[PDB]
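S.K.: Here is my input, please return the structure:
(chains A and B)
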Amino acid sequence: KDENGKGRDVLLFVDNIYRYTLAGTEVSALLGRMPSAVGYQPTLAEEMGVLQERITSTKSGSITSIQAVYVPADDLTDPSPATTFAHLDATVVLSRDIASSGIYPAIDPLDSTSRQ
Amino acid sequence: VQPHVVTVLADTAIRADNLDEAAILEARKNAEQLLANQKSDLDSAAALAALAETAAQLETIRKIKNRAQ
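M.R.: Numbers count the residues shown, from 1 in each chain, chains lettered A, B, ... in the order given. Structure data below:
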(Lines give C-alpha, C1' and ligand atoms only; values in the text may rest on other atoms or scores of the structure.)
Protein backbone atom coordinates (compact mmCIF):
# COMPACT_ATOMS: atom_id res chain seq x y z
CA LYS A 1 0.00 0.00 0.00
CA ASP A 2 1.03 3.54 -0.80
CA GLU A 3 1.40 5.70 2.28
CA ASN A 4 -1.93 7.37 3.02
CA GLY A 5 -3.35 5.11 0.34
CA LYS A 6 -3.43 1.64 -1.16
CA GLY A 7 -1.73 -0.37 -3.87
CA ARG A 8 -1.50 1.02 -7.37
CA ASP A 9 -2.82 0.01 -10.77
CA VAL A 10 -1.10 -3.27 -11.56
CA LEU A 11 -0.19 -4.19 -15.13
CA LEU A 12 0.06 -7.95 -15.61
CA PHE A 13 0.92 -9.80 -18.80
CA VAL A 14 0.81 -13.57 -19.29
CA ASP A 15 2.81 -15.27 -22.03
CA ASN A 16 1.26 -18.58 -23.12
CA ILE A 17 0.03 -20.16 -19.91
CA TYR A 18 -0.43 -22.98 -22.40
CA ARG A 19 3.28 -23.55 -21.82
CA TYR A 20 2.60 -24.14 -18.13
CA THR A 21 -0.20 -26.52 -19.07
CA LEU A 22 2.15 -28.27 -21.47
CA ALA A 23 4.77 -28.73 -18.77
CA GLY A 24 2.14 -30.20 -16.47
CA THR A 25 1.43 -32.63 -19.28
CA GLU A 26 5.16 -33.30 -19.60
CA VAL A 27 5.55 -34.28 -15.97
CA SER A 28 2.34 -36.13 -15.16
CA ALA A 29 3.30 -39.56 -16.52
CA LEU A 30 6.66 -39.39 -14.76
CA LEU A 31 4.78 -38.38 -11.62
CA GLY A 32 3.14 -41.79 -11.44
CA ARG A 33 0.04 -39.97 -12.67
CA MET A 34 -2.69 -41.07 -15.07
CA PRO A 35 -3.51 -39.77 -18.58
CA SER A 36 -6.51 -37.45 -18.95
CA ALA A 37 -8.93 -38.02 -21.84
CA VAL A 38 -6.25 -36.68 -24.21
CA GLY A 39 -3.14 -37.16 -22.10
CA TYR A 40 -3.05 -34.11 -19.89
CA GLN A 41 -2.61 -34.30 -16.17
CA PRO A 42 -6.01 -34.94 -14.57
CA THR A 43 -5.19 -32.19 -12.06
CA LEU A 44 -4.95 -29.65 -14.88
CA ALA A 45 -8.30 -28.03 -14.10
CA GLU A 46 -7.66 -27.57 -10.39
CA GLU A 47 -4.13 -26.28 -10.91
CA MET A 48 -5.34 -23.82 -13.53
CA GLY A 49 -8.00 -22.60 -11.12
CA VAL A 50 -5.49 -22.31 -8.28
CA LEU A 51 -3.28 -20.29 -10.59
CA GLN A 52 -6.07 -18.00 -11.73
CA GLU A 53 -7.60 -17.36 -8.32
CA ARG A 54 -4.49 -15.73 -6.90
CA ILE A 55 -4.98 -13.28 -9.79
CA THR A 56 -7.62 -10.67 -8.97
CA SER A 57 -8.11 -7.02 -8.12
CA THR A 58 -9.31 -7.04 -4.52
CA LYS A 59 -10.76 -4.57 -2.07
CA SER A 60 -7.08 -3.70 -1.84
CA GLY A 61 -5.57 -2.48 -5.09
CA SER A 62 -6.34 -3.15 -8.75
CA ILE A 63 -4.58 -5.79 -10.84
CA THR A 64 -4.87 -5.67 -14.63
CA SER A 65 -3.89 -8.91 -16.32
CA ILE A 66 -3.29 -9.75 -19.99
CA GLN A 67 -3.05 -13.37 -21.07
CA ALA A 68 -1.33 -14.85 -24.10
CA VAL A 69 -3.44 -17.83 -25.10
CA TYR A 70 -1.87 -20.13 -27.64
CA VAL A 71 -4.46 -22.51 -29.06
CA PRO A 72 -3.19 -26.04 -29.81
CA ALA A 73 -3.88 -27.07 -33.42
CA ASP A 74 -6.11 -23.96 -33.53
CA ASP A 75 -8.86 -25.95 -31.80
CA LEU A 76 -11.37 -24.54 -29.35
CA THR A 77 -12.83 -27.87 -28.22
CA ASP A 78 -9.49 -28.75 -26.64
CA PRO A 79 -9.99 -29.12 -22.87
CA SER A 80 -7.55 -26.35 -21.95
CA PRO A 81 -9.19 -23.44 -23.87
CA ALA A 82 -12.57 -24.69 -22.70
CA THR A 83 -11.45 -24.47 -19.10
CA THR A 84 -9.85 -21.14 -19.95
CA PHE A 85 -13.11 -19.44 -20.90
CA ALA A 86 -14.33 -20.18 -17.38
CA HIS A 87 -11.53 -17.85 -16.30
CA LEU A 88 -11.54 -14.93 -18.73
CA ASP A 89 -13.97 -12.04 -18.51
CA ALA A 90 -12.24 -10.47 -21.53
CA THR A 91 -12.03 -13.01 -24.36
CA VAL A 92 -10.26 -12.19 -27.62
CA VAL A 93 -9.89 -14.85 -30.31
CA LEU A 94 -7.79 -14.93 -33.49
CA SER A 95 -8.35 -16.81 -36.74
CA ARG A 96 -6.10 -18.32 -39.36
CA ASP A 97 -8.43 -17.70 -42.30
CA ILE A 98 -8.68 -13.99 -41.53
CA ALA A 99 -4.89 -13.77 -41.67
CA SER A 100 -5.17 -15.94 -44.77
CA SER A 101 -7.13 -12.98 -46.14
CA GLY A 102 -4.23 -10.71 -45.20
CA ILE A 103 -6.24 -8.75 -42.64
CA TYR A 104 -3.87 -7.65 -39.90
CA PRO A 105 -5.05 -7.92 -37.18
CA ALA A 106 -7.13 -11.08 -37.66
CA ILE A 107 -9.44 -11.08 -34.61
CA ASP A 108 -12.79 -12.79 -35.09
CA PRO A 109 -15.72 -10.47 -34.33
CA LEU A 110 -18.02 -13.21 -33.08
CA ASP A 111 -16.52 -15.40 -30.40
CA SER A 112 -14.38 -12.75 -28.74
CA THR A 113 -16.85 -11.26 -26.27
CA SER A 114 -16.94 -9.21 -23.08
CA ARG A 115 -19.19 -9.23 -20.05
CA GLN A 116 -18.70 -5.45 -19.98
CA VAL B 1 -46.51 -11.29 -108.02
CA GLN B 2 -43.65 -11.25 -110.54
CA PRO B 3 -43.56 -12.81 -114.04
CA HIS B 4 -41.76 -15.81 -112.52
CA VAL B 5 -41.82 -15.62 -108.71
CA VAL B 6 -44.62 -15.14 -106.18
CA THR B 7 -44.05 -14.56 -102.47
CA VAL B 8 -46.87 -14.69 -99.92
CA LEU B 9 -46.00 -12.87 -96.69
CA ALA B 10 -49.05 -13.92 -94.70
CA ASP B 11 -49.61 -13.09 -91.05
CA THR B 12 -51.07 -16.51 -90.21
CA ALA B 13 -50.42 -18.82 -93.16
CA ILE B 14 -51.94 -22.27 -92.62
CA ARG B 15 -52.16 -25.21 -95.01
CA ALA B 16 -55.92 -25.71 -94.95
CA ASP B 17 -59.13 -25.78 -96.96
CA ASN B 18 -61.64 -24.23 -94.55
CA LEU B 19 -61.60 -21.54 -91.87
CA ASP B 20 -62.00 -24.17 -89.16
CA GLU B 21 -58.39 -24.79 -88.04
CA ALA B 22 -59.42 -23.51 -84.62
CA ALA B 23 -59.28 -27.17 -83.56
CA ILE B 24 -55.52 -27.32 -84.26
CA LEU B 25 -54.31 -23.85 -83.31
CA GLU B 26 -55.54 -24.46 -79.78
CA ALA B 27 -53.69 -27.79 -79.90
CA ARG B 28 -50.51 -25.92 -80.84
CA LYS B 29 -51.01 -23.47 -77.99
CA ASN B 30 -51.59 -26.32 -75.55
CA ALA B 31 -48.40 -28.02 -76.73
CA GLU B 32 -46.44 -24.80 -76.22
CA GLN B 33 -47.90 -24.13 -72.77
CA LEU B 34 -47.44 -27.77 -71.74
CA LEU B 35 -43.78 -27.63 -72.70
CA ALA B 36 -43.54 -24.36 -70.79
CA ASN B 37 -45.04 -26.23 -67.83
CA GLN B 38 -42.36 -28.89 -68.25
CA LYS B 39 -39.73 -26.14 -68.25
CA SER B 40 -41.09 -24.54 -65.09
CA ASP B 41 -41.37 -27.90 -63.32
CA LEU B 42 -38.04 -29.49 -64.24
CA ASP B 43 -36.10 -26.25 -63.71
CA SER B 44 -37.74 -25.76 -60.31
CA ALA B 45 -38.36 -29.32 -59.12
CA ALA B 46 -34.89 -30.57 -59.98
CA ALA B 47 -32.67 -27.59 -59.22
CA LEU B 48 -34.44 -25.44 -56.64
CA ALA B 49 -35.06 -28.48 -54.48
CA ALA B 50 -31.49 -29.70 -55.03
CA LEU B 51 -30.35 -26.09 -54.67
CA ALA B 52 -31.59 -26.08 -51.09
CA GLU B 53 -30.53 -29.69 -50.47
CA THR B 54 -26.88 -29.40 -51.48
CA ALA B 55 -26.50 -26.41 -49.13
CA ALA B 56 -27.75 -28.23 -46.04
CA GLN B 57 -25.11 -28.54 -43.32
CA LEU B 58 -21.81 -27.46 -44.85
CA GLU B 59 -20.63 -25.20 -42.03
CA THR B 60 -21.66 -27.84 -39.50
CA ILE B 61 -18.97 -30.00 -41.06
CA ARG B 62 -16.52 -27.17 -41.67
CA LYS B 63 -16.30 -26.31 -37.97
CA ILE B 64 -15.76 -29.94 -36.89
CA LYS B 65 -12.62 -30.27 -38.98
CA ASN B 66 -10.42 -28.46 -36.47
CA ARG B 67 -11.54 -30.96 -33.83
CA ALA B 68 -8.30 -32.73 -32.93
CA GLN B 69 -10.29 -35.41 -31.12
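S.K.: how close does residue A:79 get to residue A:21?
M.R.: Distance of residue A:79 to residue A:21, computed by C-beta to C-beta, to the nearest Å: 9 Å. The C-beta positions use only the backbone N, C-alpha and C, and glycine is treated the same way.
S.K.: Which residue ranges of the chain form helices?
M.R.: Just so you know, I chose chain A. Shown for chain A, the helices assigned by DSSP state H span residues A:17-28, A:44-53, A:79-85, A:96-100.
S.K.: please go with chain B instead
M.R.: All helices of chain B, identified by DSSP H, fall at B:22-42, B:49-54, B:58-65.
S.K.: picking up where we left off before, between residue A:79 and residue A:21, tell me which one has more neighbours.
M.R.: residue A:21 (23 against 16; other C-beta atoms under 10 Å in any protein chain shown).
S.K.: OK, contacts around the closest residue to that one other than its chain neighbours?
M.R.: Nearest non-adjacent residue to residue A:21, counting by C-beta to C-beta, 6 or more residues apart in numbering or on different chains: residue A:80, 5.3 Å away. Residues in contact with residue A:80 (C-beta atoms under 8 Å, 6 or more residues apart in numbering or on different chains) are A:18, A:21, A:40, A:44, A:48, A:72.
S.K.: most neighbours, which of those?
M.R.: Counting by other C-beta under 10 Å, top hit in the contacts of residue A:80: residue A:21 with 23 neighbours.
S.K.: Identify the residues contacting it.
M.R.: Counted by C-beta under 8 Å, 6+ apart, residue A:21 has contacts A:40, A:44, A:48, A:80.
S.K.: want to try TSV for the residues you listed, with distance to residue B:29 as columns?
M.R.: Converted to TSV, the contacts of residue A:21 look like this (distance: C-beta to C-beta, whole Å):
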residue	distance to residue B:29
A:40	76
A:44	78
A:48	78
A:80	72
